[PDB]
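1. take this sequence and fold it.
(chains A, B, C, D and E)
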Amino acid sequence: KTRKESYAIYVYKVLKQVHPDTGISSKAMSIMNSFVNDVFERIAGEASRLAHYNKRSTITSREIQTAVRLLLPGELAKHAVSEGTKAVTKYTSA
Amino acid sequence: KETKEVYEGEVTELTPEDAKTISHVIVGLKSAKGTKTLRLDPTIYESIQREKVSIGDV
Amino acid sequence: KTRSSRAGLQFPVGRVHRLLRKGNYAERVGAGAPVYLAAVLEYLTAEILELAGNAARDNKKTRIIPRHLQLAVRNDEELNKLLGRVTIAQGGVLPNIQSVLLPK
Amino acid sequence: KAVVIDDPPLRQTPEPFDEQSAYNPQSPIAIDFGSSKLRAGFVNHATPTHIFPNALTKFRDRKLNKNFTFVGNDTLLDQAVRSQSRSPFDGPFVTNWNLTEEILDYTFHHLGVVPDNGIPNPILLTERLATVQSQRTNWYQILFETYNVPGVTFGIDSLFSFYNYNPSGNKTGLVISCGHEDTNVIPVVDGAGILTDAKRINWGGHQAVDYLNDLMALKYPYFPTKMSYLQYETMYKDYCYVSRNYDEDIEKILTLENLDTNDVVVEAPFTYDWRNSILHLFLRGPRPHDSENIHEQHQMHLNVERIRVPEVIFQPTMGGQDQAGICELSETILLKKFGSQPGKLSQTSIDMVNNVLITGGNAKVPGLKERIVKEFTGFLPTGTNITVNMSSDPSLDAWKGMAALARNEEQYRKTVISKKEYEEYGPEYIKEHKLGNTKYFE
Amino acid sequence: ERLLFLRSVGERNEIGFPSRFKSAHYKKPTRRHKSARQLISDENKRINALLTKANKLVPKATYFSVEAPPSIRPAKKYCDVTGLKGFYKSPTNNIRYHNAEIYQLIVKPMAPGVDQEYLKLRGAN
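-> Residues are numbered from 1 along each chain as shown, chains lettered A, B, ... in the order given. Next comes the structure:
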């Protein structure tokens, strides 16, 4: 059959990791699949325009860093830039 | 009428030599006024191994 | 040996890199940008999965209905501004009745 | 009562020049190309005659439409011409070369020299340790083409001061130089500097005053008046000392019994109890803080940094340099090298202990000699006679070094390079002598 | 008088292109600025070229050989706020601190981006 692309198992077992005794339904998997590619194209576009506004021809951590510091209203960005910097330091550590 | 001779300080070098039977061990002790090297008999080396003495232990 | 495990993250980093290559955003892509995307994505779904979890134990249900994420997303102003313009299928209306509209 | 610092005052008179009738073409010229100051003069004189920082300005006048050039002490005449001073040293090396030519022209004009077809005097030059081939190549180019000098010789300033304080040229000792931008340890055997065991730590006076600058920027982020580099230099010079034991001094310097005596309050120039909170002790000392007083928020408080910034030399991990300390590097040199078993000092090590010399520009900080004597007594075996020699002014012993070297004509000819040797061997040539750099390979 | 004294200093130290000090023949070429950042890499490439030509010879005293080995003893931890003895390191932003109240009113409410030149002093960024 067709090889459909969906991150439903990823959200399913971070749900299982943080909530070990909680269930879920297939409409929920479709609904935050719509969430995560909605924000994926939204912030992929944002950085794109921005970098092009900056006249840079690439996408490193800097453009997306200012995009996620600028885009969403608050709080989640304050934890998000810290946890993303911590993620790229465990990447460069490895 | 007895005497008391005491060496105390931080271990900086614990180098034993054999010939499975250890012959002796050169032990270096360091305090705030300098350092002093010591040769030791293997029985005191066995007692040192009993006390779990490594490099840097006073 | 996977790069997501090397980054210590759970959301995949090769999948978003694949979607970034042929997604026609930039002709050159850095290494840390898909990791940063996966990090902010993991943070966003971690936050609303905590919200859906406390809504689920507020209603005392083992399965998160989308209505649970409606009153999870309408209980904070940050996602009331981030997802205020959005329209949700089978979302309902949060309980909100004006004091003047109530009798007596 | 708080003290107020300023810029150093400008010189009322300009720098005089020597008489041209006293010049002779047989006397050599001694120069010391230091990172902070320039020392120029003859050899027969022992006292200095020209000391000035290496700087130059291009003052464009509106009425005459002519770019005037002010060099060194001539830059210390007006505040605007002091602020536009430009050093030729970029990093630990030199990069712009024409500035070196015009400051050398200024020194030659102010030395009272009337030459013809270039300077007829051989020159005596100090150079940094492990100096890069490009700057010595350009040095050979400028002296052998621009100035037509007959001879040249080179060496390290630390070894030159060591030879100054050991004029026999055959002694064994351990020299330590704390320069403006680097700190060097050279073990010297039989009057010859063993440079394969030399060690360098990337810290000096410039990094220390930059540490003061960004430490004061970080401690008081809401300070309104930007204070200049000279204020940082002066309050580093006047209010800093080496602690005798940094582990024990740091656990009691925040108590109220020390902050009444060991806190310096520096006033900027312009036209729920606080006793139990160490923030108020760290920021505003043992006196209560009033935010409405105009003179109050123009104040530094130097309580921890006075013993913190000289400890970067002893522990470079504070300054971000992943290097061993001065005491640990000296332990490595003295206890495990030159045939010295750890725990059994060789005679080379014993001779190196009795001739420990501290020199350089950054030895002016008090408490350094007592601290290094305490560390040396700490790690050496008991009974070793430790001798540390410190000059009254260790910023001038290099000029005494080339003065004693060129006065000693017997060993002066072993280090000189003429025009003929350079012309037959090119710029790529290494003169292997005792008091200078060695070959890059074996 | 104030604006005329610097003219006297300039005309006293006035020198020109055909000065009496530099030599008669010049042959002065152009010169690139050649900042000190690329100089260490230039010497590294040069010494690598020399060792690779020798490989197709042990160095004695270079810039990269005199330079100090790192410390064998562990470095003492210190609080980045006060320069005191550091006991605790915050897990959110990785700054060592000495006691509770600097964690309360300095380490917690600090602005983002202050961390990078906070840790620049010890080079932990």
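
2. quick check on the residue of chain D at minimum distance from chain C: phi, psi?
-> Nearest residue of chain D to chain C: residue D:320, at 23.4 Å (C-beta to the nearest C-beta). Where you see a C-beta, it was placed from the backbone N, CA and C, and this is true even at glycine. Backbone geometry at residue D:320, expressed as degrees, to the nearest 10, gives phi 90, psi -10.

3. was I right to think it contacts residue E:117?
-> No - Residue D:320 is beyond contact range of residue E:117, at 11.7 Å (criterion: C-beta atoms under 8 Å).

4. with neighbour numbers in mind, choose between these two.
-> The neighbour comparison of residue D:320 against residue E:117 (other C-beta atoms under 10 Å in any protein chain shown) goes to residue D:320, with 19 against 12.

5. tell me the contacts of that one?
-> Counting by C-beta atoms under 8 Å, 6 or more residues apart in numbering or on different chains, residue D:320 makes contact with E:120, E:121, E:122, E:123.

6. could you do residue E:102 as well?
-> By C-beta under 8 Å, 6+ apart, the contact set of residue E:102 is D:278, D:279, E:79, E:81, E:82.

7. give me the number of residues near residue 22?
-> Just going to use chain A. Residue A:22 has 17 nearby residues by other C-beta under 10 Å.

8. other chain: chain D
-> When counting by other C-beta under 10 Å, one arrives at 9 neighbours for residue D:22.

9. what's across from the nearest residue to residue D:250 once chain neighbours are set aside in the sheet?
-> Closest residue to residue D:250 apart from its sequence neighbours, by C-beta to C-beta, 6 or more residues apart in numbering or on different chains: residue E:85 at 5.9 Å. Beta bridges link residue E:85 to residue E:78, judged by DSSP bridges.

10. my guess is residue E:85 meets residue E:79, correct?
-> Yes - counting by C-beta under 8 Å, residue E:79 is a contact partner of residue E:85 at 6.8 Å.

11. which neighbours do those two have in common?
-> residue E:98.

12. who has more neighbours out of the two?
-> Counted by other C-beta under 10 Å, residue E:85 and residue E:79 do not tie: residue E:79 has more neighbours, with 22 against 15.

13. quick test: name the residue nearest the centre of the chain.
-> All of this is about chain A. Nearest to the mean C-alpha position of chain A, counting by C-alpha atoms, centre = their mean, stands residue A:40 at 6.2 Å.

14. oops, I was thinking of chain C
-> Short answer for chain C (C-alpha atoms, centre = their mean): residue C:45, at 4.2 Å.

15. contacting residues around that one?
-> If you count contacts by C-beta under 8 Å, 6+ apart, residue C:45 has them with A:11, A:14, A:32, A:35, A:36.

16. drop anything exposed from these.
-> For these, a burial check counting by 16 or more other C-beta atoms under 10 Å in any protein chain shown picks out A:11, A:14, A:32, A:35, A:36.

17. now whichever residue of chain C sits closest to chain E: phi and psi?
-> Residue nearest to chain E within chain C: residue C:43 (14.0 Å; C-beta to the nearest C-beta). Main-chain torsions, residue C:43, degrees, to the nearest 10: phi -70, psi -40.

18. separation between the residue in the stretch 101-250 of chain D positioned nearest to chain B and residue C:98?
-> Relative to chain B, the nearest point of the stretch 101-250 of chain D is residue D:245 (9.8 Å; C-beta to the nearest C-beta). Distance from residue D:245 to residue C:98, counting by C-beta to C-beta, to the nearest Å: 73 Å.

19. of these two, which one has the most company?
-> Higher neighbour count among residue D:245 and residue C:98: residue D:245, with 12 against 6, using other C-beta under 10 Å.

20. let's check: the centremost residue of chain E is which one?
-> Looking at chain E with C-alpha atoms, centre = their mean, the centroid-closest residue comes out as residue E:37, 9.6 Å off.

21. quick one: contacts for it?
-> residue D:91.

22. please repeat the previous calculation with a cut-off of 10 Å.
-> Contact analysis of residue E:37 by C-beta atoms under 10 Å, 6 or more residues apart in numbering or on different chains lists D:90, D:91, D:95.

23. you'd agree the last one is up against residue E:34?
-> Yes - with contacts counted by C-beta atoms under 10 Å, residue D:95 reaches residue E:34, the gap being 6.0 Å.

24. mutual contacts of those two, please.
-> Residues touching both residue D:95 and residue E:34 by C-beta under 10 Å, 6+ apart: residue D:135.

25. any idea where the strands of chain B begin and end?
-> Secondary structure of chain B, counting by DSSP state E: strands at B:10-18, B:22-31, B:34-40.

26. how about the CA coordinates for stretch D:244-252, as CSV?
-> Taking Å, rounded to 0.1, in the frame of the first residue of the first chain, the C-alpha atoms of stretch D:244-252 are listed here in CSV:
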residue,chain,number,x,y,z
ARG,D,244,48.4,35.1,50.2
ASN,D,245,45.9,32.2,50.2
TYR,D,246,42.9,32.5,47.9
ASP,D,247,41.1,29.6,49.5
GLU,D,248,41.1,31.1,53.0
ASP,D,249,40.7,34.8,51.9
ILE,D,250,37.6,34.1,49.9
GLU,D,251,35.7,32.7,52.9
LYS,D,252,36.1,35.8,55.0
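
27. which residues does that stretch contact?
-> Outside stretch D:244-252, the residues that touch it by C-beta under 10 Å, 6+ apart are B:32, D:243, D:258, D:262, D:304, D:307-308, D:310-311, D:314-315, D:318, D:367, D:370-371, D:374-375, E:76, E:78-79, E:82-85.

28. still on that earlier bit, could you count how many residues lie near the closest residue to the residue of chain C closest to chain E other than its chain neighbours?
-> Closest residue in space to residue C:43, ignoring its immediate chain neighbours: residue A:80 at 4.7 Å, by C-beta to C-beta, 6+ apart. Each residue near residue A:80 was counted by other C-beta under 10 Å, and the total is 22.

29. what's the answer for residue D:49, then?
-> Using other C-beta under 10 Å: residue D:49 sits among 16 other residues.

30. what about it, helix or strand, and which?
-> Using DSSP states H and E, residue D:49 is not contained in any helix or strand.

31. give me the buried subset of the contacts of residue D:320.
-> For the contacts of residue D:320, a burial check counting by 16+ other C-beta under 10 Å picks out E:121, E:122.

32. thinking again about what came up before, of all the strands of chain B, which one is nearest residue C:22?
-> strand B:10-18 (62.5 Å; C-beta to C-beta).

33. quick one, helices of chain C?
-> Residue ranges of the helices in chain C, as given by DSSP state H, are C:3-6, C:14-21, C:32-59, C:66-73, C:77-82.

34. and the last one, what does it pack onto?
-> Using 3 or more C-beta pairs under 10 Å, 6 or more residues apart in numbering or on different chains; DSSP states H and E as the contact definition, the elements that helix C:77-82 packs against are helix A:76-93, helix C:32-59, helix C:66-73.

35. okay then, goodbye and thanks.
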